[PDB]
Amino acid sequence: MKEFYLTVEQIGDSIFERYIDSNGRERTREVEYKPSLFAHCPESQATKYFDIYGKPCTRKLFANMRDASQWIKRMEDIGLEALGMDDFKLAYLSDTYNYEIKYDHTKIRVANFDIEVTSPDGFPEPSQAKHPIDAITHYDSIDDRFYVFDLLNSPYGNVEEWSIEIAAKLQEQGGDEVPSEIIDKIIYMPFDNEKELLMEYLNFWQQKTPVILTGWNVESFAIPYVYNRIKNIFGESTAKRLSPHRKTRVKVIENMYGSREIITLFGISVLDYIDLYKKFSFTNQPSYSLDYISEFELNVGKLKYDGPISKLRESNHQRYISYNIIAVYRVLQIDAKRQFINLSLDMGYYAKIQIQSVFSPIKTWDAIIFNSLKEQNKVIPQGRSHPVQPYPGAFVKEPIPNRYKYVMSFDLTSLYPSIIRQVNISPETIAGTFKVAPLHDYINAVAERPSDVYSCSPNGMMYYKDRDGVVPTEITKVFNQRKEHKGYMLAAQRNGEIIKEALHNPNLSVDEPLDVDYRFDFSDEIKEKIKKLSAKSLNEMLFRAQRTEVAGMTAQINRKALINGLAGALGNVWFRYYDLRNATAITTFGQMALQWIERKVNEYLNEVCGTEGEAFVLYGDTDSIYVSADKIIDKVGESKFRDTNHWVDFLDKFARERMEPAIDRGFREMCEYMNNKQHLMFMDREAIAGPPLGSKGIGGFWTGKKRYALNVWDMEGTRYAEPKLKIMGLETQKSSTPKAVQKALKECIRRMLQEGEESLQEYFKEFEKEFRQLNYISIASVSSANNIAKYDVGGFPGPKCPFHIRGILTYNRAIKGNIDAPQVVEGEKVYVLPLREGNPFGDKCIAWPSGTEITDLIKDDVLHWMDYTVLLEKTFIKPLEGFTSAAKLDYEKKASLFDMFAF
DNA sequence: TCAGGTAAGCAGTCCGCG
DNA sequence: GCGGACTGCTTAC
Ligand SMILES: Nc1ccn([C@H]2C[C@H](O)[C@@H](COP(=O)(O)OP(=O)(O)OP(=O)(O)O)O2)c(=O)n1
Ligand SMILES: [Mg+2]
Ligand SMILES: [Mg+2]
């Protein structure tokens, strides 16, 4: 076995490292690491160390890390650059693991835990920890066991032991329905008192010390609550046993409004799953409660109980403990699906950072680039201070609002990273500048050629062509990984569609799902076998295919996110390689590329159609073009196609055989114009969109920038069994839009695009008539709630008070005095409802914590005073009015001369 | 909402617009 | 009532 680190820390002049040794065993060591830093030196001094610009450096080897840090300070005092890796544990990892790390996840202890705390007087604050911890469930990935620590005796009630037998039984049997597959994995430990529970928990923790520590809100709640509670009962030294090195730090996390505390446990890598989910899922959710996310991710029912959670232990200890166990399992279930832990480990070990640093793209890239440059004995520059300066980004074309019947789209592959590679944009590759013409002049190829020597961006920057910069080199490596995983994702997607087709004609038989790798396109043999399978086996295969697609999505999109993160890091003042010249070189080239190719595609299609000056490109955003294909379809004639799939094939062939070579010629010319190092502008066909053949559907529409809908039949080579709606920006896509309203607006759009005006009018009429029956939560708007205190003029709305904040203030007055009433949390999200005039709440709206039922203290009055009319107009009618006017449709049948009863 | 980036949409407040 | 200046929030990329 090749060795790999688990955790690394600097504590004074020592590195503390936990690691897996050559025999696969977990060990810990203290190393008195002597760091090196660098200073510029005269050419007269023979050296093997050079900075990124090729200037010679002397290496200074320090007696200890404190000496090195002090030297950095004195160098600032003198006014001289202190070069090298100033984060010493990153240098330590680089020296200790001077190879591509291969890690074995089976040896890494991943701990998932959740605690329960009964509190009669509101939310139990982690920084006070004034209430007993009465349950802990702690899952250990190495043991594959759920360790349950259950407090039987508390000042808030004495209870009986939890029953695994009742826990396993169905809810319909009066049981808790703890999943059958974890029942035999539960190790249950009841405790007479809290001191014994906590002492035993620490002994357990010492035996099975987490490397990766996760759960739901563990960083903001569970960890600080456990640490502070132990601290309160036993003292500080005992609480610090949560750290393998007995070192902890209270860390103050600042935001805009804006501060909270966490506990850093040295020698542990905390990856709170809520934060992993927020970074890696690419969702924006109305609520981030575990119940909400679990329901969204797994389609599992909410954990049902009677009364408040503050009385659950006393009234139903059995359910209390079962739900604590289930809470831990649901995070495991989400991860088995999303694979964010696996992703974090992959990224972390690739970069050679503390695993928790994956949350920082700057730290991630700083380490990758340092390791790369170190291999060539090059020396990284010192991070400098920079004022924050705004800079220009992408071009977005203003579309003409309209219906668009036949649409084909194209999108540049990893644009920004591709620009970096093509132009060779890097700190050490800057060759100089050239005199800029207006962007329009480059777009139209009338400007003077920037350089005959160097590779250029239209922002005025020139780059060397003799060798690749470190940024192009390293971005290429991660890009290639992304490309591989996207390949697996798309194959699984295509494979899913094959299964969906078979599900139309399932064989009536008893059989098993096929053992197949869904990351690769099914062979003919597999395809034949699939057509002979039962619906039960096919649905299981579909589930597996979709789980494979999810796994591939996680791996690809977040590698895409990482490489795009490097382009953005160049525009962040804290990045070691911050340079607005390089950040703007990328964005400005991107603007030119889009508009260059818009002109080229327009010219090509005008030529092939035998027309002049017509706009075929209807829209573009950053690196995409949307092309009107009406004229292409019309040249062969609607009536010449057998079915929808026939014209989809035609457009697919047209894109591949005609348009793609034209796009490529256009970009090859642009590459020569800018004298770039390597042509890397690859613009794959994305969507083929249109109405079903023979229908009255409109196919698509745009209302404005970043606001459109398309009926897609093929997306990047995935031919759908059923057409899929691609809706961007519209209210159906916004977490702020009520759930039921998203659903209704989506159906209106479906009818518009697939069936036509009449079908849309029928549905509108029905929804308008029935909507007052919808559950209040389904028709509540959602909003983040920041700056509640600012607009609070005890306790009424101050000047310019936002609508949702007014709602919260209404809520606060209506629950005033109640210690048990759920409190709106600053920075979190609320449901919002309008209130009818003359209501007992004294204002026009009310808001309460999102993902929850409004407290029974006021529920009936809210339900009675809900303004359904205002609700409908604001969330449904107004957006729909926007869709239909853009599409030139009416959602209500206009009067005609035919209106003499007989239609 | 600690944690790479910019562009740009819509809701709402305030208040002008004879 | 619509829209402009402005804040707040949320999306596309
Ligand atoms: N969060 C984001 C999203 C996008 N972009 C920029 C960089 C992208 O390269 C460009 C185009 O966005 P795409 O969504 O088309 O993503 P890519 O082109 O990078 O990848 P691909 O199109 O291959 O999926 O926009 C960004 O800086 N930050
Ligand atoms: Mg792209
Ligand atoms: Mg794009």
Side-chain angles (χ1 to χ4, degrees), chain A residues 219-220 251-262 272 274-276 278-279 282-286 288 356-366 388-398 411-412 414-416 560-575 577-578 580 582-584 586-588 590-591 594 619-624 703-708 727-737 781-787 790-791 797-807 825-830 832 834 844-845 873-875 878-879 882:
Chain A
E219 191 181 70
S220 60
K251 198 197 185 191
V252 52
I253 300 174
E254 286 185 352
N255 68 71
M256 237 161 299
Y257 301 116
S259 93
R260 61 186 180 90
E261 300 192 333
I262 65 159
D272 194 335
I274 192 167
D275 294 323
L276 292 173
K278 283 175 191 179
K279 177 178 179 64
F282 287 86
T283 62
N284 193 2
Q285 301 285 11
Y288 288 93
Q356 69 267 34
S357 292
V358 298
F359 288 114
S360 170
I362 281 159
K363 184 59 89 167
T364 300
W365 282 111
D366 197 44
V388 178
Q389 290 187 282
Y391 69 97
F395 176 77
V396 185
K397 183 182 172 65
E398 188 74 66
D411 192 287
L412 284 148
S414 298
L415 181 64
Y416 282 15
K560 166 187 169 167
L562 182 61
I563 56 180
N564 287 170
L566 183 54
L570 297 161
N572 179 296
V573 298
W574 296 108
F575 191 45
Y577 310 99
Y578 173 76
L580 249 31
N582 288 344
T584 65
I586 298 158
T587 66
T588 309
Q591 287 209 15
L594 208 198
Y619 183 66
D621 181 342
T622 310
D623 73 329
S624 65
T703 83
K705 292 186 185 183
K706 302 180 188 288
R707 282 183 66 86
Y708 61 96
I727 306 166
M728 310 312 297
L730 306 188
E731 280 77 2
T732 51
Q733 312 307 117
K734 292 160 67 74
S735 61
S736 47
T737 301
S781 301
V782 181
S783 185
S784 288
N786 306 123
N787 253 169
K790 173 185 270 185
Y791 295 103
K800 293 145 199 167
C801 183
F803 188 84
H804 60 290
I805 307 297
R806 182 184 290 276
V825 185
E826 166 75 24
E828 315 268 43
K829 296 185 183 192
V830 288
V832 188
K844 65 174 168 172
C845 60
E873 288 290 342
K874 273 157 54 160
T875 68
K878 204 178 175 180

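Quick note on labels: first sequence line is chain A, next is B, and so on, each numbered from 1. Atom set for the values below is all heavy atoms of this structure, side chains included, hydrogens, waters and symmetry mates excluded.
For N786(A), counting side-chain heavy atoms from C-beta on, the closest listed nucleotide (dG9(B), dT1(B), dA7(B)) is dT1(B). Ranking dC14(B), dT10(C), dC10(B) by closeness to the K829(A) side chain, first place goes to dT10(C). The side chain of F359(A) sits closest to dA3(B) out of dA7(B), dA3(B), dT13(B). Closest to the side chain of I262(A), from the set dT10(C), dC2(B), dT6(B), is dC2(B). Which of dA11(B), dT10(C), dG8(C) sits closest to the side chain of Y791(A) comes down to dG8(C). With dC2(B), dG8(C), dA12(C) as the choices, the nucleotide that has an atom nearest any side-chain atom of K790(A) turns out to be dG8(C). When the nucleotides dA12(C), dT10(C), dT13(B) are ranked by their closest atom to the side chain of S783(A), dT10(C) comes out on top.
To the nearest whole angstrom, the two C1' atoms, one in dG8(C) and one in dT1(B), are 14 Å apart.
At a threshold of 4.0 angstrom between heavy atoms, the contacts of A567(A) with the nucleic acid are absent. As judged by a 4.0 angstrom heavy-atom cut-off over every strand, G827(A) is placed among the base-contacting residues. At a threshold of 4.0 angstrom between heavy atoms, the contacts of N284(A) are confined to the sugar-phosphate backbone, with no base atom among them. Note on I362(A): only backbone sugar-phosphate atoms sit closer than 4.0 angstrom, heavy atoms only; bases stay farther off. At the heavy-atom level, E828(A) lies nowhere under 4.0 Å from the strands shown. Across all strands, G565(A) comes closer than 4.0 Å to base atoms (heavy-atom distances). No contact: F575(A) has no heavy atom under 4.0 Å from any strand. Residue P879(A) is classed as having no contact, given no heavy-atom separation below 4.0 Å to the nucleic acid. Within the 4.0 angstrom heavy-atom criterion, base atoms lie near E219(A).
Checking the phosphate oxygens (OP1, OP2) of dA11(B), a side-chain nitrogen or oxygen of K878(A) falls inside 4.0 Å. Remark: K844(A) is not in phosphate contact with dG12(B), judged by side-chain N or O atoms under 4.0 Å from OP1 or OP2. Note on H804(A): every side-chain N or O is 4.0 Å or more away from OP1 and OP2 of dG8(C). Note on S735(A): a side-chain N or O is less than 4.0 Å away from OP1 or OP2 of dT11(C).
A residue-by-residue look at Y257(A) and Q733(A) shows that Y257(A) has its nearest nucleotide of DNA chain C further toward the 5' end. Place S784(A) and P802(A) on DNA chain B by their nearest nucleotides, and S784(A) ends up nearer the 5' end. With the nearest nucleotide of DNA chain B identified for both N255(A) and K874(A), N255(A) has the one nearer the 5' end.
Within 3.5 Å, no donor on the side chain of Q356(A) pairs with an acceptor on the base of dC2(B), nor the reverse.
A stacking contact between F803(A) and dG12(B) is absent: the pair does not combine a ring-centre distance of less than 5.5 Å to the base's six-membered ring with planes differing by less than 30°.
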